[PDB]
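Structure first, then comments.
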Amino acid sequence: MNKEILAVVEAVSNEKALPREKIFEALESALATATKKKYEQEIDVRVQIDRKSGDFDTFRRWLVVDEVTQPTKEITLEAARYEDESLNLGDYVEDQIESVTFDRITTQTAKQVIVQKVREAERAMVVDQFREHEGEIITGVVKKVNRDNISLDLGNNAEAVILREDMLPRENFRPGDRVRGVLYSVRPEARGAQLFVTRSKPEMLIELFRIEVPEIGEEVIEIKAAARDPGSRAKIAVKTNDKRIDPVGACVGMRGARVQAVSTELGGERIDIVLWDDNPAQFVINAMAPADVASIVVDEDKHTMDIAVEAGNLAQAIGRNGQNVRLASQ
Amino acid sequence: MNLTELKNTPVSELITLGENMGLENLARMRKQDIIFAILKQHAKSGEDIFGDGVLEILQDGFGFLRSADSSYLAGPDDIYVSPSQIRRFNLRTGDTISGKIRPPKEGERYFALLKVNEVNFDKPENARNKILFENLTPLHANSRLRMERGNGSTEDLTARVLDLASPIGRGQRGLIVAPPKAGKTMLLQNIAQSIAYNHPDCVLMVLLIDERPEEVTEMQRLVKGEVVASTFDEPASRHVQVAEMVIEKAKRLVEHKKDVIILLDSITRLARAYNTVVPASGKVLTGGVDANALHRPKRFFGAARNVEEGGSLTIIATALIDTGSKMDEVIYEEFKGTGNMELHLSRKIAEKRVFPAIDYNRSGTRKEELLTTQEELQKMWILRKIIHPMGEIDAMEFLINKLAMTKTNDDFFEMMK
Amino acid sequence: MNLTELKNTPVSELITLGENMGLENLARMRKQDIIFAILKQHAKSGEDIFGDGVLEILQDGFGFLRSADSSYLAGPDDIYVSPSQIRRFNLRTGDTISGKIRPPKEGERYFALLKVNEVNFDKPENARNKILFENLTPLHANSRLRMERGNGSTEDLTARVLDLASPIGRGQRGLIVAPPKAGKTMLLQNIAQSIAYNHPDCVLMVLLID
Amino acid sequence: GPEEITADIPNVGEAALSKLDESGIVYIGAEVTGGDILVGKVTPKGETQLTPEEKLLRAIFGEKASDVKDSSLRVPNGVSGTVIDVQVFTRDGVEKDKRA
Amino acid sequence: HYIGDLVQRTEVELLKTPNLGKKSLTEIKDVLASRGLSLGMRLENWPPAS
Ligand SMILES: Nc1ncnc2c1ncn2[C@@H]1O[C@H](COP(=O)(O)OP(=O)(O)O)[C@@H](O)[C@H]1O
Ligand SMILES: Nc1ncnc2c1ncn2[C@@H]1O[C@H](COP(=O)(O)OP(=O)(O)O)[C@@H](O)[C@H]1O
Ligand code: BEF
Ligand code: BEF
Ligand SMILES: [Mg+2]
Ligand SMILES: [Mg+2]
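Have a look at this one:
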């Protein structure tokens, strides 16, 4: 039987996604489940099946504790001083040997455990490999655009997910196109696809500029703020700590060429490079531009800003659902 | 029942005891399983069993307590120890353990430990509060080792020559450069006798690698010390195993504030074993030597030092030359600028039957000012200046002939003026 | 908490601090993971952590900040740095970095850098506007190094001999040709003492191999 | 290719295959009422290139068994009973399975 | 010789008696497992009525 175990551990399909010690622990867990299904009672068994060459030599766990419930895995602290245990937990002794690791039900449960383990393997591997590209934009065709979320093929058995809440009624989907974003959260302890990528976050566009805008990335300029009402308005507020560059003149390109390109990349969303100031007053003055404001007031105890607008430029002051204001408050 | 008691017994006494117990013929099999079976019987009907030895950690987590009379070999004599001890008392590779044992139950064949009585001749409570080995602060030789007995027999003069050629202290690294057939064996024997006679307080250990069994037998029953050795009828695995175990034992013992002095003969055979046991890393040197094959021998040699916090470790390893191979020269060249106490034995003097054949001109000790007083070291300098312009054979001729009449070394210094 | 503070502490003081924290016996293991575990605890309950060292770039893009007291060795003491720093401040092999660090989260074992406070004892802004090494214009020795102290002790005379045998200045290449057992060790020791006493402004480094 | 008695039977649920052991033969003392499987015979209806790696992969992963045709013998329709003994004869050279 | 005299005691004394190894101890502790009662109890009504 040991020869078959060695053949199995050697001829695994994914030698890179399922490392050798992982095969060892998977076989150990499978044999543990087999031995559990063997006896009528509930007794957990560790295997440690001679990792390199030899066969199995099982054990018997006993869980040192003053309890008695399920006495198969019970050893009281007072009645444990023999065998030189002397401890309070970890009495995994070799009281049990002579397991059968090949019969029908054992082989079936071992195949099932192996499937679960290779799935867990693939998951952890793809997640902790493609998680390095969390701040930078990822590429890849979609697996399937379901209702609650969409799943995207990032490459060799590589998968990501984009949630439904971050989607748009006008943003448009079917298996086979590639939609990008920013990997915003990774939950490696989940039960399935755990590579969560969003598209509505502001820093997205910032990262986007880091691919196109050469002024950003070298710290010579400073992209500070990004007000993003997805589908409505995506404005950016940058700052220049140097003394030979313009905040809006350089990053705009040549009469709406690079900003228009990244707008079409973001979905044709209206993008206006705004210039924030060191004070919130001029900041909200510029965020609601081009328009006039009859009153700018700041309130700290209320955590609010009163912006009263004059009449004459309403068509540029409110817009749709107060979008020109909705970014500022956001 | 103590294990070391049945250990120091010859095989005939074990046979007589087994026949007194009235069992199957035990004289037919190994001393190992002889002791195993008599212990199994006497423990079926007998007290708590007691045992002692040195511990080695396995890659499974558990450990094996083995005996030095079996040169720390695997067999039924070993004592199984669980990783729970290595968590509770946090056991280590090379700990001198002594405690209570019992027979193995159903299906087991190794005696199980019950309760540690002495860990490195010390308290387990005090076994926690200890200092790490490489975490120590090494220092130069501070206390000198007195090798002169003062009787002046036919062989003691040999040691006296060392006392004026290259003084040794606790924490010093000694390296002996000698071709075959030069009389280094009884050189180490006389040195061991002198340092065991003058200092019975420091635990003294010798190491023989790829040596003939005759010298092993005659040494393991003539001097004091756990005389552990490795004969050439075993592969490099056993030799490197003895290396590991005794070096770890010495490390733990100096960590317990004890002066350990290790006698190795020879370091070249041990390094050859290291080379033939280590896997090839692609880089070959002249003579089939790996670059990584000298890393562990260098570790073994450099483990010796003089601790500031307490205790010391002094190693005296011998090196072979002039025997023809490529490995001997490459190893001796690699180890030349490592030790701070060279002792050169020229065969050109041994061919004339002038013993001991010591190259006094090519020998010396760095930092020798911290071992002798001002006038002692001054007399050493004056005598070195006197004897240096002379040749080799005539130099040792004059040295031995003038040390023959006078009997104490300071008296020799006085009469040399 | 500064790393170099626990670095200059002996092992006994680390043991006492770990026992004062009330944890598993830390004296049992390496100084490396001793400092690692005490830092993990004190950072579970403690301020921002601070650290310093020299950076080495790996072939994966990331970098390791290591300590000279460990002679720039790999171990749990190291500080992980992302390639994003090596793009933003454009980090380099051998930069003396000092900045804020934090414990590693789930599954990680290396302390992560937060914000570079000093790059080569200097500003990161001024770390950009720098000159390349081989792009420099070398020159002969212009300023001489004064090795004579003026006290004339038993060993200082040794240095004085050098001052009349082979004068050294900043930028000179010195090569010592000596057989074994010639007294070069304390020769370098006296030279280092003299150049450290006379010039405490130039950073002085020694190298011992094998 | 020669036919084998492996327990690799596709296009059938695990419940119907529970009556067989790992070698594909029903346990001694397992009653059967209706038409059910009792000997797991499969024959290769295709070509060569059936590697042992592919064998061990198909048992755990992969698509259905390509060339089997489900040549396994089932108990005839209507007849029932309880199995009490099994006999196997093997041509020399062929290694005996676990039940033999 | 009685189950009520064995339920009211722990196995710390079972291993004290020689020839009480892995077979007997596990068998005893598993037979009572199928019976629900626990090895080692506290009852004062003993023995009624013997
Ligand atoms: N102190 C001594 N007195 C008399 N003979 C000696 C003395 N030391 C060495 N010898 C001679 O030298 C030989 C030593 O043999 P051996 O131990 O094999 O030398 P080595 O150990 O140098 O190979 C012996 O035959 C012995 O006669
Ligand atoms: N300035 C000095 N005064 C007195 N003795 C000295 C002086 N310099 C060297 N020595 C002697 O020379 C030896 C130098 O030893 P070592 O440092 O090993 O030399 P090297 O470094 O050349 O091998 C010492 O034993 C010491 O007694
Ligand atoms: F023992 Be001899 F020096 F070969
Ligand atoms: F070997 Be010495 F230090 F020149
Ligand atoms: Mg010899
Ligand atoms: Mg020197």
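Residue numbers (the deposited numbering), protein chains in the order written: chain A, 1 to 330; chain d, 1 to 417; chain e, 1 to 210; chain X, 846 to 945; chain V, 276 to 325. Ideal Cβ positions, reconstructed from N, Cα and C, are used throughout, including at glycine.
Can you give the beta carbon distance from residue i to residue j, rounded, assuming they're within the 8 Å contact cut?
i: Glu-155 of chain e; j: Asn-198 of chain e; result: Not really, about 15 Å apart at Cβ, beyond 8 Å.
i: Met-1 of chain e; j: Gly-75 of chain e; result: Their Cβ separation, rounded to whole angstroms, is 19 Å, which puts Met-1 of chain e and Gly-75 of chain e out of contact at 8 Å.
i: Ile-75 of chain A; j: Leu-63 of chain A; result: 7 Å
i: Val-877 of chain X; j: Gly-926 of chain X; result: 7 Å
i: residue 333 of chain A; j: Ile-221 of chain A; result: The structure shown does not extend to residue 333 of chain A, since chain A is modelled only from 1 to 330, so the question has no answer here.
i: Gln-283 of chain V; j: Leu-318 of chain V; result: 6 Å
i: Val-298 of chain A; j: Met-305 of chain A; result: 5 Å
i: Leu-207 of chain d; j: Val-228 of chain d; result: 7 Å
i: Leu-168 of chain A; j: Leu-183 of chain A; result: Their Cβ separation, rounded to whole angstroms, is 19 Å, which puts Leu-168 of chain A and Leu-183 of chain A out of contact at 8 Å.
i: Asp-52 of chain e; j: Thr-93 of chain e; result: Rounded, the Cβ-Cβ distance is 17 Å, inconsistent with contact.
For residue i, decide whether its Cβ has a neighbour in chain X, counting only Cβ atoms nearer than 8 Å.
i: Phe-24 of chain A; result: no
i: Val-197 of chain A; result: no
i: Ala-190 of chain A; result: no
i: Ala-7 of chain A; result: yes
Any beta carbon of chain e sitting closer than 8 Å to that of residue i?
i: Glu-42 of chain A; result: no
List the residues of chain e whose Cβ lies closer than 9 Å to the Cβ of residue i, in chain order.
i: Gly-337 of chain d; result: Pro-180, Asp-210
i: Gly-217 of chain A; result: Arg-87, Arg-88
In chain d, what lies closer than 7 Å to residue i by C-beta?
i: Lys-31 of chain e; result: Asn-135
i: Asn-190 of chain e; result: Ordered by position in chain d, no residue passes the 7 Å Cβ test against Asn-190 of chain e, which lies about 16 Å from the chain.
i: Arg-28 of chain e; result: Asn-90
For a contact meaning CB atoms closer than 8 Å, what does residue i contact in chain A?
i: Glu-867 of chain X; result: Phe-102, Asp-103, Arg-104, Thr-107
i: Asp-305 of chain V; result: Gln-41, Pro-71, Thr-72
i: residue 244 of chain V; result: In the structure displayed, chain V extends from 276 to 325; residue 244 of chain V sits before or after that span and is not available.
Please confirm whether residue i has its beta-carbon closer than 8 Å to some beta-carbon of chain V.
i: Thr-72 of chain A; result: yes
i: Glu-78 of chain A; result: yes
i: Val-68 of chain A; result: yes
For chain d, check one thing: does any of its Cβ atoms lie closer than 8 Å to the Cβ of residue i?
i: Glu-83 of chain A; result: yes
i: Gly-90 of chain A; result: yes
i: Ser-86 of chain A; result: yes
i: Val-11 of chain e; result: yes
i: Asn-20 of chain e; result: no
i: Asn-25 of chain e; result: yes
Who are the neighbours of residue i on chain d, taking C-beta pairs under 9 Å?
i: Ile-97 of chain A; result: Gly-107
Does the beta carbon of residue i come closer than 8 Å to any beta carbon on chain A?
i: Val-287 of chain V; result: yes
i: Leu-290 of chain V; result: yes
i: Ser-313 of chain V; result: yes
Since residue i meets chain A, which of its residues come closer than 9 Å, beta carbon to beta carbon?
i: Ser-84 of chain d; result: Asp-84, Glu-85, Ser-86, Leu-87, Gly-90, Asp-91
So which residues on chain X does residue i lean against when the C-beta distance must stay under 7 Å?
i: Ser-13 of chain A; result: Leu-902, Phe-906
So which residues touch the region around ligand 3, with touch meaning a C-beta under 6 Å from any heavy atom? d:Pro-180, d:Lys-181, d:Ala-182, d:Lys-184, d:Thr-185
Using a Cβ cut-off of 7 Å, which residues of the region 898-919 of chain X contact any Cβ in chain A, in chain order? Hits within the stretch, in order: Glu-898, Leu-901, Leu-902, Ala-904, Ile-905, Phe-906.
Beta carbons nearer than 9 Å to chain e: which residues of the region 111-132 of chain d have them? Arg-128, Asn-129, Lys-130, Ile-131, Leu-132
Using a Cβ-Cβ cutoff of 7 Å, what residues of the region 109-126 of chain A are near chain X? List them in chain order. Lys-111, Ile-114, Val-115
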